[PDB]
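J.: This is the structure I have questions about; it appears just below.
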Amino acid sequence: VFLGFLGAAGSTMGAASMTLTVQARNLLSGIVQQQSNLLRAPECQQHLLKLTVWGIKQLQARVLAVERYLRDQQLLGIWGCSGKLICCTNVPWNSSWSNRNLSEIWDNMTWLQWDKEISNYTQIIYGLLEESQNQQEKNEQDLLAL
Amino acid sequence: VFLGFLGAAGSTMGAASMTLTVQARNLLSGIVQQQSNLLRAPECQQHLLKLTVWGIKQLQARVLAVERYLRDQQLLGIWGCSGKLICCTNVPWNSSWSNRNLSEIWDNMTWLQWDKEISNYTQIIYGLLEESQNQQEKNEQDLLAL
Amino acid sequence: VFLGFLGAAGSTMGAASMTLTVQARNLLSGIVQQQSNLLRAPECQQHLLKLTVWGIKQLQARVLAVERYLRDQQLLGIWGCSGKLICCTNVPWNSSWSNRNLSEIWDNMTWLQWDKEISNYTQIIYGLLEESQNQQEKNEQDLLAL
Amino acid sequence: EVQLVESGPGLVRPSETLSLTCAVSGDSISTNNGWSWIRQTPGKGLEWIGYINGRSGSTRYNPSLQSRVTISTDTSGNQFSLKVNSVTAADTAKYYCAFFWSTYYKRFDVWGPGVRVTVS
Amino acid sequence: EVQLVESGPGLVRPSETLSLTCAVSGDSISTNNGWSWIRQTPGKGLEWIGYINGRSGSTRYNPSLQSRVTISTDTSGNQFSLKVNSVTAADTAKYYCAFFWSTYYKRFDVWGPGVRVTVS
Amino acid sequence: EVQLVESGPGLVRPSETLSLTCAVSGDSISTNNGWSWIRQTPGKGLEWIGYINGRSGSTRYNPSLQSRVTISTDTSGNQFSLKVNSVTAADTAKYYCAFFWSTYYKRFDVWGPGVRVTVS
Amino acid sequence: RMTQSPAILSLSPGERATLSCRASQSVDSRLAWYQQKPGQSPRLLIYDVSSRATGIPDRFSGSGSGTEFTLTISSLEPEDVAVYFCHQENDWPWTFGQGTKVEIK
Amino acid sequence: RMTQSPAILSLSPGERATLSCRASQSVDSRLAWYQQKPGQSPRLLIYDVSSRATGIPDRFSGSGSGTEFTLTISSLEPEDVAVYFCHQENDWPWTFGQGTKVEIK
Amino acid sequence: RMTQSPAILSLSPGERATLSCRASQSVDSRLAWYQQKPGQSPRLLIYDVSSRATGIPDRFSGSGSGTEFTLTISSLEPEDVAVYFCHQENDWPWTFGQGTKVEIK
Amino acid sequence: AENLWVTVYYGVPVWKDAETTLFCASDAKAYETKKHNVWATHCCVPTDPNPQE
Ligand SMILES: *[C@@H]1O[C@H](CO)[C@@H](O[C@@H]2O[C@H](CO)[C@@H](O)[C@H](O)[C@H]2NC(C)=O)[C@H](O)[C@H]1NC(C)=O
Ligand SMILES: *[C@@H]1O[C@H](CO)[C@@H](O[C@@H]2O[C@H](CO)[C@@H](O)[C@H](O)[C@H]2NC(C)=O)[C@H](O)[C@H]1NC(C)=O
Ligand SMILES: *[C@@H]1O[C@H](CO)[C@@H](O[C@@H]2O[C@H](CO)[C@@H](O)[C@H](O)[C@H]2NC(C)=O)[C@H](O)[C@H]1NC(C)=O
Ligand SMILES: *[C@@H]1O[C@H](CO[C@@H]2O[C@@H](C)[C@@H](O)[C@@H](O)[C@@H]2O)[C@@H](O)[C@H](O)[C@H]1NC(C)=O
Ligand SMILES: *[C@@H]1O[C@H](CO[C@@H]2O[C@@H](C)[C@@H](O)[C@@H](O)[C@@H]2O)[C@@H](O)[C@H](O)[C@H]1NC(C)=O
Ligand SMILES: *[C@@H]1O[C@H](CO[C@@H]2O[C@@H](C)[C@@H](O)[C@@H](O)[C@@H]2O)[C@@H](O)[C@H](O)[C@H]1NC(C)=O
Ligand SMILES: *[C@@H]1O[C@H](CO)[C@@H](O)[C@H](O)[C@H]1NC(C)=O
Ligand SMILES: *[C@@H]1O[C@H](CO)[C@@H](O)[C@H](O)[C@H]1NC(C)=O
Ligand SMILES: *[C@@H]1O[C@H](CO)[C@@H](O)[C@H](O)[C@H]1NC(C)=O
Ligand SMILES: *[C@@H]1O[C@H](CO)[C@@H](O)[C@H](O)[C@H]1NC(C)=O
Ligand SMILES: *[C@@H]1O[C@H](CO)[C@@H](O)[C@H](O)[C@H]1NC(C)=O
Ligand SMILES: *[C@@H]1O[C@H](CO)[C@@H](O)[C@H](O)[C@H]1NC(C)=O
């Protein structure tokens, strides 16, 4: 855990796609989330009760990490990707959002650069992914299929 | 998000089944759960620390939304529906719980009316769904299958 | 719910594998997590606000149950088991971790005894399960498959 | 509610292609997937030929005719048709136009009267 | 632990149906899925005929006999049987009753001595 | 970038096994899955024979040759080969060595010049 | 992939008629029955083994699972002379049984 | 499992050439086209119905889905005399169409 | 779908005997071996390529994967004269190889 | 223009500038026995176990 947490950040999209579990494992487990799960009492805890302001700040940090995690999982579920780090969809690429070939982006761009190129199309793409899944379920409820 | 949140409430069960992502998206995202995830500090936060009672009420609301969400997801997992908004099971309908044909309920009833008709059979049905999944796993652990 | 919560604890691994939903259902639902979800206000709540230390202790207990649940679910997701109480993997057994035949462990050992026999190989096994899933995804991204 | 009306040659010779059509009245064939052809052969009974999905144009054909039959639509005429290549005496049968609705909520068929086709 | 005992005609004529039975001693056939028939044909070797699931009555048959063989049970007699229709000389073989246990935790077989059947 | 060079007998007699090899230059065959054989038969056109996965040694063969063809590798020689049993006149064709790369990110082929084989 | 039996029944008015149908493979619960009167195209009677089609008399019923199915007509009427067909709905080939006749005397 | 049409086209230089290919089963979007000049092994032109292979002139394009596909060569040049093949990439058998010829006069 | 080789081995007592079996398709790790002595029904020796069945001598072992498998008998004894069979457990047809013989001289 | 489709990836190494609350920690060695030290009481979470970089 955290042995190369953002190690692929400067690498290409292709190479970086091979380290996806590395970042996923660090979204729900900060130091305080490890101390909170010791078999022994952590001892510190009395401090956070005697002084309730510190107790509240710690809980807010823990609750937020959980809420952010769950929201990303909910979107993957809605889009039809329950689990999987990499999933294919039926939404075609518009070639307006970005107009580059596969041999250019997977080999020459980093994920940070990509993110800064299509950031204002994010909501359009997410909207289409949701519509696609709804259409798929409508087709599933037809026993003659395709 | 929230552009027709309960819009299908007065519609029939059939039509309403086509809007399921609309309600699902609003279970983990109230206004305070959006403000809490800004890149900038929300600014308000000092108020909830200076006066710890308000800080606690806000956390209780956030924790509860998460617990309710997770409990529903756990039941779907137990019943054998990981993900999916609509899933088929192997539990037969009893015709005691409700005794109507498909052409009557999917076209003439709303979900609110349905809920008020079979509410005291809810636990029986949930119990059967769990038993069904356990039986399925017992059959899966047999390499000769069916 | 909780009608035989650890009832299989003294039973063999084989028999105990048939009660897995029994323990799973009790990880997110303690008494306070039921009182918190009443349609009526619980009434007690004012106590936990007037005296903020008790309010904080209760939230810490609730947040922790959620964090522990989610971490186990994240590991199952990473290892390629989204949902399911029982899942097969591609990691071979080393026969160093434990060197017993199937007819000995499934019929004569309890899960507690097993846990005390291979506890210091837990991290090795978990590491291998993650590597296996990453290798599987690398193979999936090849349209000629196997 | 729809009505299905078949029409076509009542006689085809060996190795010729048989072409039958079906008009649909009361609803559209650009949608309502499940437009199909069924064959009733004396001495064999009923079998499927195949069907078409009006919304996408995709088709499925019973394997026995996988290399012999084409099903397509005329959505302007709101009619659909069946063509079977290399027709032989063994293909003499009563041919039917049918609409099969099978979903999670409803099940029904509509059948036309059919066309009897003699094959020499 | 079970014992399997086969019995039946050692001679069947062309186009007749061959009927062999197997008694099961030591356990039940209303459960314990995996009751099966195996054929050993000189010049070909071993092949499966098919098997039955005592708990549900469902069966699976090797495709070569998909249209020829029926397997069923007599749970009162705690015996099961095999019937093969339209038997010909090519079906002369040694037939066996077997029990196959294959689960996540155990693997084993029990075989009976079998019946040799001559086909004219 | 690789080069593929085929070699083998230009003549095989009835019921003999035909053996063709392909050398690979520029990359390894112990990896890079998708090493394959393609056949071009005058009067029929192009068809696949099958392919091998250099990383695991597994193979897949077109069903028409499921019982007739073997594909394997010599990773030391960095060459791979095709053997087709019970070759007949109907198998006269132009045989090719090819490399097919098909992933989520890239698609390309490399073809060798091939070997023309006459079958008596 | 399904066979009906017997080829024909002959019953007195008001008598109960039963027809069997056996599958070569499991068809789960996906079985439909049809009624074809001479000069008519087949009418759907029963779907999913026992559900009545809209407009079907309560004389008609049925049961079965996997591979073993039965069509039953109680209180058989003269208007029920027809050829009854067994239809597979659990797989792509959708085969039909050969059709059997029931005649009222 | 796919058939090309016509067997041969004959075009004037600069004219646009079109070739069709029909599948017996859906091939989704998994269709490739190849160019085989006499004495040569087939060259990949187009993959996934409309994506050009590296090094392919913009004269080449295509479209289609499911079962109905077309290969188009605009501004046809004498260097394009070749046999063009339709290749199925949506299933295991990977069949090819028979190949059609385009000749420039 | 599997072929054994050679048809027969002839070994001195105490010598190690090896038999191969090749699949036409991958059988994963689902391979079993059986021993049939004359007058007997086949006995299970090895399952899942290398796991010994209960009651089997340690003379018996094996290895292999995918399509290439071997059965080995070390320290071969006269009581091991038998026909050995290769059994596919990775698919529905469950085929067997033809059976080979090992004889001790 | 290639015929491409949207693929969703999770666990991508991307970030944005942000404000948040850090929780503080200390090296629980000599400082652990300070007892009445303010900083040793507040920054209670143990850290610096040969920390990663
Ligand atoms: C940082 O950038 C350099 C330069 O582009 C990358 O260097 C490549 O490393 C691979 C693996 O050793 C070689 O096969 C390439 O030939 C190198 N590129 C060049 C131009 O020489 C380096 O990998 C990048 N860092 C990370 C983490 O990806
Ligand atoms: C509220 O009730 C009315 C009356 O039942 C619904 O009106 C139907 O609307 C559809 C779509 O325009 C028409 O095809 C039907 O013919 C209308 N029904 C009648 C009796 O005329 C209306 O849709 C319902 N509201 C919602 C949100 O579903
Ligand atoms: C506690 O241990 C006893 C003794 O091993 C278990 O008793 C077995 O119960 C089953 C079911 O009734 C019988 O089929 C076995 O024959 C019994 N064993 C013996 C040696 O007689 C008992 O089941 C165990 N408790 C639990 C919860 O598993
Ligand atoms: C492909 O793009 C077409 C043009 O859309 C325009 O540009 C995009 C980037 C947006 O700003 C949009 O509001 C503009 O109208 C669309 O008409 C077409 O639907 C797009 N296809 C898909 C799948 O999204
Ligand atoms: C079908 O219903 C049968 C009758 O059960 C009775 O009515 C229901 C509503 C409950 O109140 C129950 O306690 C009563 O005994 C059951 O015996 C049968 O098991 C039911 N089938 C299924 C699948 O639940
Ligand atoms: C099988 O075991 C081999 C020996 O590993 C040694 O013992 C284990 C228990 C560890 O303590 C390890 O650090 C030792 O080196 C391994 O070399 C081999 O990789 C193992 N196979 C698998 C799948 O893990
Ligand atoms: C949308 O993103 C592009 C990225 O290249 C940027 O240049 C453009 O200014 C952005 N549009 C707006 C309104 O900010
Ligand atoms: C059970 O639900 C029905 C709904 O129609 C209601 O009439 C009945 O009174 C309920 N039973 C009890 C004990 O409340
Ligand atoms: C590892 O676990 C075994 C369990 O049998 C135990 O005997 C051994 O002492 C443990 N090793 C260490 C270093 O604690
Ligand atoms: C459903 O029940 C209603 C009320 O008895 C009836 O009018 C309707 O025709 C029934 N539906 C079917 C398909 O029989
Ligand atoms: C992708 O675009 C670049 C820049 O125009 C070009 O050099 C490269 O050859 C293109 N890739 C392909 C496969 O055509
Ligand atoms: C498992 O090991 C025990 C102890 O050595 C032995 O008695 C038992 O027979 C073994 N099981 C099998 C299937 O060989």
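Simple scheme: letters A, B, ... for chains in structure tokens order, numbers from 1 for residues in each chain, numbers from 1 for ligands in the order shown.
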Select all residues from chain B having any atom no more than 9 Å from an atom of chain C (counting only C-alpha atoms, ignoring ligands), output as a PyMOL selection string.

T.: chain B and resi 52-54+56-57+59-60+63-64+66-68+70-71+74-75+77-78+80-83+130+134+137-138

J.: Find the residues of chain I in contact range of chain C, meaning any atom within 12 Å when counting only C-alpha atoms, and list them as a CSV table (one decimal) with N, CA and C atoms, in the first residue's frame.

T.:
chain,number,residue,atom,x,y,z
I,25,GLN,N,-8.3,-29.4,-28.0
I,25,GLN,CA,-8.8,-28.1,-27.5
I,25,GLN,C,-8.2,-28.0,-26.1
I,26,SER,N,-8.1,-26.8,-25.5
I,26,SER,CA,-7.7,-26.8,-24.2
I,26,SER,C,-8.7,-27.4,-23.2
I,28,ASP,N,-7.9,-27.1,-20.0
I,28,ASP,CA,-7.5,-26.4,-18.7
I,28,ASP,C,-6.7,-27.4,-17.9
I,29,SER,N,-7.1,-27.6,-16.6
I,29,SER,CA,-6.5,-28.4,-15.7
I,29,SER,C,-7.4,-29.6,-15.4
I,51,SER,N,-3.8,-34.6,-8.8
I,51,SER,CA,-4.2,-35.0,-7.4
I,51,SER,C,-4.5,-36.5,-7.4
I,52,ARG,N,-3.9,-37.1,-6.4
I,52,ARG,CA,-4.2,-38.6,-6.3
I,52,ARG,C,-5.5,-38.9,-5.7
I,53,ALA,N,-6.2,-39.9,-6.2
I,53,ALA,CA,-7.5,-40.3,-5.6
I,53,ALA,C,-7.2,-41.1,-4.4
I,54,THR,N,-8.1,-41.1,-3.5
I,54,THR,CA,-7.9,-41.8,-2.2
I,54,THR,C,-7.6,-43.2,-2.5
I,66,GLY,N,-3.5,-27.4,-20.4
I,66,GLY,CA,-3.9,-26.9,-21.6
I,66,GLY,C,-4.2,-28.1,-22.5

J.: Please provide as a PDB file with N, CA, C and O atoms, in the first residue's frame all residues within 10 Å of residue 112 in chain E, with the sequence filter that same-chain residues fewer than 5 positions apart are discarded (counting only C-alpha atoms).

T.:
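Final output, out36.pdb:
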ATOM      1  N   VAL E   2     -21.560 -46.611  -1.980  1.00  0.00           N
ATOM      2  CA  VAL E   2     -22.657 -47.295  -2.668  1.00  0.00           C
ATOM      3  C   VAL E   2     -22.142 -48.414  -3.522  1.00  0.00           C
ATOM      4  O   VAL E   2     -20.956 -48.478  -3.850  1.00  0.00           O
ATOM      5  N   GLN E   3     -23.051 -49.294  -3.879  1.00  0.00           N
ATOM      6  CA  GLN E   3     -22.775 -50.360  -4.812  1.00  0.00           C
ATOM      7  C   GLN E   3     -23.739 -50.235  -5.961  1.00  0.00           C
ATOM      8  O   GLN E   3     -24.931 -49.958  -5.779  1.00  0.00           O
ATOM      9  N   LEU E   4     -23.233 -50.445  -7.156  1.00  0.00           N
ATOM     10  CA  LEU E   4     -24.057 -50.309  -8.337  1.00  0.00           C
ATOM     11  C   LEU E   4     -24.181 -51.623  -9.057  1.00  0.00           C
ATOM     12  O   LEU E   4     -23.173 -52.266  -9.360  1.00  0.00           O
ATOM     13  N   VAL E   5     -25.417 -52.065  -9.269  1.00  0.00           N
ATOM     14  CA  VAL E   5     -25.618 -53.339  -9.949  1.00  0.00           C
ATOM     15  C   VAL E   5     -26.492 -53.233 -11.180  1.00  0.00           C
ATOM     16  O   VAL E   5     -27.692 -52.964 -11.077  1.00  0.00           O
ATOM     17  N   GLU E   6     -25.906 -53.516 -12.332  1.00  0.00           N
ATOM     18  CA  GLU E   6     -26.620 -53.443 -13.584  1.00  0.00           C
ATOM     19  C   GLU E   6     -27.301 -54.745 -13.947  1.00  0.00           C
ATOM     20  O   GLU E   6     -26.811 -55.829 -13.622  1.00  0.00           O
ATOM     21  N   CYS E  22     -30.149 -50.159 -13.343  1.00  0.00           N
ATOM     22  CA  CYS E  22     -29.123 -50.202 -12.308  1.00  0.00           C
ATOM     23  C   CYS E  22     -29.728 -49.955 -10.934  1.00  0.00           C
ATOM     24  O   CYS E  22     -30.392 -48.942 -10.692  1.00  0.00           O
ATOM     25  N   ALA E  23     -29.477 -50.881 -10.027  1.00  0.00           N
ATOM     26  CA  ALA E  23     -29.946 -50.743  -8.670  1.00  0.00           C
ATOM     27  C   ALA E  23     -28.896 -50.043  -7.862  1.00  0.00           C
ATOM     28  O   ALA E  23     -27.699 -50.304  -8.030  1.00  0.00           O
ATOM     29  N   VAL E  24     -29.320 -49.188  -6.944  1.00  0.00           N
ATOM     30  CA  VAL E  24     -28.361 -48.529  -6.089  1.00  0.00           C
ATOM     31  C   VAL E  24     -28.541 -48.915  -4.637  1.00  0.00           C
ATOM     32  O   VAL E  24     -29.601 -48.724  -4.033  1.00  0.00           O
ATOM     33  N   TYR E  95     -21.935 -51.945 -21.307  1.00  0.00           N
ATOM     34  CA  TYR E  95     -22.577 -50.786 -20.710  1.00  0.00           C
ATOM     35  C   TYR E  95     -22.362 -50.756 -19.207  1.00  0.00           C
ATOM     36  O   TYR E  95     -22.512 -51.774 -18.528  1.00  0.00           O
ATOM     37  N   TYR E  96     -22.054 -49.580 -18.670  1.00  0.00           N
ATOM     38  CA  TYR E  96     -21.837 -49.432 -17.236  1.00  0.00           C
ATOM     39  C   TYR E  96     -22.719 -48.382 -16.564  1.00  0.00           C
ATOM     40  O   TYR E  96     -22.983 -47.314 -17.133  1.00  0.00           O
ATOM     41  N   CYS E  97     -23.053 -48.651 -15.291  1.00  0.00           N
ATOM     42  CA  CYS E  97     -23.708 -47.781 -14.331  1.00  0.00           C
ATOM     43  C   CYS E  97     -22.608 -47.140 -13.501  1.00  0.00           C
ATOM     44  O   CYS E  97     -21.716 -47.817 -12.963  1.00  0.00           O
ATOM     45  N   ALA E  98     -22.658 -45.839 -13.371  1.00  0.00           N
ATOM     46  CA  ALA E  98     -21.640 -45.185 -12.589  1.00  0.00           C
ATOM     47  C   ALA E  98     -22.195 -44.000 -11.834  1.00  0.00           C
ATOM     48  O   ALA E  98     -23.215 -43.421 -12.193  1.00  0.00           O
ATOM     49  N   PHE E  99     -21.534 -43.672 -10.750  1.00  0.00           N
ATOM     50  CA  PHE E  99     -21.868 -42.531  -9.934  1.00  0.00           C
ATOM     51  C   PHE E  99     -20.722 -41.559  -9.870  1.00  0.00           C
ATOM     52  O   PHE E  99     -19.640 -41.904  -9.400  1.00  0.00           O
TER      53      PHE E  99
ATOM     54  N   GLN I  40     -12.256 -55.766 -14.798  1.00  0.00           N
ATOM     55  CA  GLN I  40     -12.615 -54.705 -13.882  1.00  0.00           C
ATOM     56  C   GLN I  40     -13.214 -53.498 -14.570  1.00  0.00           C
ATOM     57  O   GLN I  40     -13.052 -53.297 -15.778  1.00  0.00           O
ATOM     58  N   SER I  41     -13.928 -52.695 -13.794  1.00  0.00           N
ATOM     59  CA  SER I  41     -14.413 -51.426 -14.285  1.00  0.00           C
ATOM     60  C   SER I  41     -13.273 -50.454 -13.980  1.00  0.00           C
ATOM     61  O   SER I  41     -12.543 -50.702 -13.026  1.00  0.00           O
ATOM     62  N   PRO I  42     -13.073 -49.361 -14.717  1.00  0.00           N
ATOM     63  CA  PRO I  42     -11.987 -48.422 -14.493  1.00  0.00           C
ATOM     64  C   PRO I  42     -11.955 -47.837 -13.084  1.00  0.00           C
ATOM     65  O   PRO I  42     -12.987 -47.452 -12.541  1.00  0.00           O
TER      66      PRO I  42
END

J.: What does chain F look like after a least-squares fit onto chain E on every Cα paired in order, written as a CSV table (one decimal) with C-alpha atoms, in the first residue's frame?

T.:
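Final file, selection_3.csv:
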chain,number,residue,atom,x,y,z
F,1,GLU,CA,-20.3,-45.7,-0.1
F,2,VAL,CA,-22.7,-47.3,-2.7
F,3,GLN,CA,-22.8,-50.4,-4.8
F,4,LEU,CA,-24.1,-50.3,-8.3
F,5,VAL,CA,-25.6,-53.3,-9.9
F,6,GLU,CA,-26.6,-53.4,-13.6
F,7,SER,CA,-29.1,-55.8,-15.2
F,8,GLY,CA,-30.8,-56.2,-18.6
F,9,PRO,CA,-31.0,-58.1,-21.9
F,10,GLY,CA,-27.7,-59.3,-23.3
F,11,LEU,CA,-29.2,-59.2,-26.8
F,12,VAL,CA,-31.2,-56.7,-28.8
F,13,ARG,CA,-32.2,-56.9,-32.4
F,14,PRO,CA,-32.0,-54.1,-35.1
F,15,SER,CA,-34.4,-51.2,-34.6
F,16,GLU,CA,-35.4,-52.4,-31.1
F,17,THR,CA,-35.1,-50.4,-28.0
F,18,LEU,CA,-32.5,-51.5,-25.5
F,19,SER,CA,-33.4,-51.2,-21.8
F,20,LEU,CA,-30.9,-51.6,-19.0
F,21,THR,CA,-31.4,-50.8,-15.3
F,22,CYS,CA,-29.1,-50.2,-12.3
F,23,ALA,CA,-29.9,-50.7,-8.7
F,24,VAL,CA,-28.4,-48.5,-6.1
F,25,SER,CA,-27.5,-49.8,-2.7
F,26,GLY,CA,-26.1,-47.8,0.3
F,27,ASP,CA,-27.5,-44.4,-0.6
F,28,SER,CA,-30.4,-42.6,-2.3
F,29,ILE,CA,-31.0,-41.8,-6.0
F,30,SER,CA,-33.5,-39.1,-5.2
F,31,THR,CA,-30.5,-37.0,-4.4
F,32,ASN,CA,-26.8,-37.3,-5.0
F,33,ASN,CA,-26.8,-35.9,-8.5
F,34,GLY,CA,-24.6,-37.5,-11.1
F,35,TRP,CA,-26.1,-40.9,-11.8
F,36,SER,CA,-24.8,-41.9,-15.2
F,37,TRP,CA,-24.3,-44.3,-18.0
F,38,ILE,CA,-21.0,-45.0,-19.8
F,39,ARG,CA,-20.4,-47.1,-22.8
F,40,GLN,CA,-17.3,-49.1,-23.7
F,41,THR,CA,-17.2,-50.2,-27.3
F,42,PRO,CA,-14.4,-52.5,-28.6
F,43,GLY,CA,-12.6,-50.6,-31.4
F,44,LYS,CA,-13.7,-47.2,-30.2
F,45,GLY,CA,-13.0,-47.0,-26.4
F,46,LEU,CA,-15.0,-45.2,-23.7
F,47,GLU,CA,-17.7,-42.7,-24.2
F,48,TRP,CA,-20.5,-41.2,-22.2
F,49,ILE,CA,-24.1,-41.7,-22.8
F,50,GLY,CA,-25.4,-39.2,-20.3
F,51,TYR,CA,-26.5,-38.6,-16.7
F,52,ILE,CA,-29.4,-37.7,-14.4
F,53,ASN,CA,-29.8,-35.4,-11.5
F,54,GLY,CA,-31.7,-37.3,-8.9
F,55,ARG,CA,-32.9,-34.1,-7.1
F,56,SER,CA,-34.6,-32.5,-10.1
F,57,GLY,CA,-35.0,-35.2,-12.7
F,58,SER,CA,-33.1,-33.2,-15.4
F,59,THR,CA,-30.8,-34.9,-17.8
F,60,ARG,CA,-28.0,-34.3,-20.2
F,61,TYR,CA,-27.1,-36.6,-23.0
F,62,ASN,CA,-24.0,-36.9,-25.2
F,63,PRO,CA,-24.9,-35.2,-28.5
F,64,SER,CA,-24.4,-38.4,-30.5
F,65,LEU,CA,-27.5,-39.8,-28.8
F,66,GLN,CA,-29.4,-36.6,-28.4
F,67,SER,CA,-32.3,-38.0,-30.4
F,68,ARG,CA,-31.9,-41.6,-29.3
F,69,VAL,CA,-31.5,-41.9,-25.5
F,70,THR,CA,-33.7,-41.5,-22.4
F,71,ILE,CA,-32.5,-41.7,-18.8
F,72,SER,CA,-35.0,-41.7,-15.9
F,73,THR,CA,-35.4,-42.9,-12.3
F,74,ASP,CA,-37.5,-45.1,-10.1
F,75,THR,CA,-36.9,-43.5,-6.8
F,76,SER,CA,-39.2,-45.9,-5.0
F,77,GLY,CA,-37.1,-48.9,-6.3
F,78,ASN,CA,-34.0,-46.7,-5.8
F,79,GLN,CA,-32.9,-47.8,-9.3
F,80,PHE,CA,-32.4,-45.9,-12.5
F,81,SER,CA,-32.5,-46.8,-16.1
F,82,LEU,CA,-31.3,-46.3,-19.6
F,83,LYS,CA,-33.3,-46.7,-22.8
F,84,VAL,CA,-31.8,-46.4,-26.2
F,85,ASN,CA,-34.1,-46.3,-29.2
F,86,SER,CA,-33.4,-47.7,-32.7
F,87,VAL,CA,-30.5,-49.9,-31.6
F,88,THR,CA,-28.2,-51.3,-34.3
F,89,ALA,CA,-25.2,-53.6,-34.6
F,90,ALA,CA,-22.8,-50.5,-34.1
F,91,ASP,CA,-24.2,-50.2,-30.6
F,92,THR,CA,-22.7,-53.5,-29.4
F,93,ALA,CA,-20.9,-52.6,-26.3
F,94,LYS,CA,-20.2,-53.1,-22.6
F,95,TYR,CA,-22.6,-50.8,-20.7
F,96,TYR,CA,-21.8,-49.4,-17.2
F,97,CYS,CA,-23.7,-47.8,-14.3
F,98,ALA,CA,-21.6,-45.2,-12.6
F,99,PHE,CA,-21.9,-42.5,-9.9
F,100,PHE,CA,-19.8,-39.4,-10.4
F,101,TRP,CA,-19.2,-37.0,-7.5
F,102,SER,CA,-17.6,-33.8,-8.5
F,103,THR,CA,-17.8,-30.8,-6.3
F,104,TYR,CA,-15.5,-28.1,-5.0
F,105,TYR,CA,-14.4,-30.3,-2.1
F,106,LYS,CA,-14.5,-34.0,-3.3
F,107,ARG,CA,-13.9,-36.1,-6.4
F,108,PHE,CA,-14.7,-39.8,-6.8
F,109,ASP,CA,-16.4,-42.5,-8.8
F,110,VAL,CA,-18.3,-45.6,-8.2
F,111,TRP,CA,-18.6,-48.1,-11.0
F,112,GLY,CA,-20.8,-51.2,-11.3
F,113,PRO,CA,-19.5,-54.3,-13.2
F,114,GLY,CA,-21.7,-53.6,-16.2
F,115,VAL,CA,-23.8,-55.6,-18.8
F,116,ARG,CA,-22.4,-56.8,-22.0
F,117,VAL,CA,-25.0,-56.3,-24.8
F,118,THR,CA,-24.9,-58.0,-28.2
F,119,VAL,CA,-26.7,-56.2,-30.9
F,120,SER,CA,-27.7,-58.2,-34.1

J.: Could you make a table, as a tab-separated table, of the residues of chain G that have an atom within 12 Å of an atom of chain E, each with its nearest atom pair and distance in Å to one decimal, counting only C-alpha atoms, in chain and number order?

T.:
residue	atom	partner	partner_atom	distance
G:1	CA	E:67	CA	8.5
G:2	CA	E:67	CA	10.4
G:3	CA	E:67	CA	11.1
G:22	CA	E:70	CA	11.1
G:23	CA	E:67	CA	10.5
G:24	CA	E:66	CA	7.3
G:25	CA	E:60	CA	7.5
G:26	CA	E:58	CA	7.2
G:27	CA	E:58	CA	10.6
G:28	CA	E:58	CA	10.2
G:65	CA	E:58	CA	9.8
G:66	CA	E:58	CA	6.9
G:67	CA	E:58	CA	7.6
G:68	CA	E:57	CA	9.9

J.: Quick one, how far is CA of residue 102 in chain C from CA of residue 21 in chain I?

T.: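 Straight-line distance from CA of residue 102 in chain C to CA of residue 21 in chain I works out to 26.8 Å.
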
J.: What residues have any atom no more than 12 Å from ligand 9 when counting only C-alpha atoms and all ligand atoms, and can you list them as a list in words?

T.: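 If we count only C-alpha atoms and all ligand atoms, the neighbours of ligand 9 turn out to be residues 96, 97, 98, 99, 113, 114, 115, 116, 117, 118, 119, 120, 121 and 122 of chain C.
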
J.: Could you tell me how far CA of residue 61 in chain C sits from CA of residue 41 in chain A, in Å to one decimal place?

T.: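 Computing it gives 12.9 Å between the two atoms.
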
J.: Near range 104-108 of chain B, counting only C-alpha atoms, which residues have an atom at most 6 Å away, once you skip same-chain residues fewer than 6 positions from it, shown as a ChimeraX atom specification?

T.: /B:12-14

J.: Let's have the selection written as a compact mmCIF listing (two decimals), in the first residue's frame, with C-alpha atoms.

T.:
# COMPACT_ATOMS: atom_id res chain seq x y z
CA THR B 12 -47.98 3.82 -13.91
CA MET B 13 -45.55 1.18 -12.75
CA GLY B 14 -44.63 0.39 -16.30
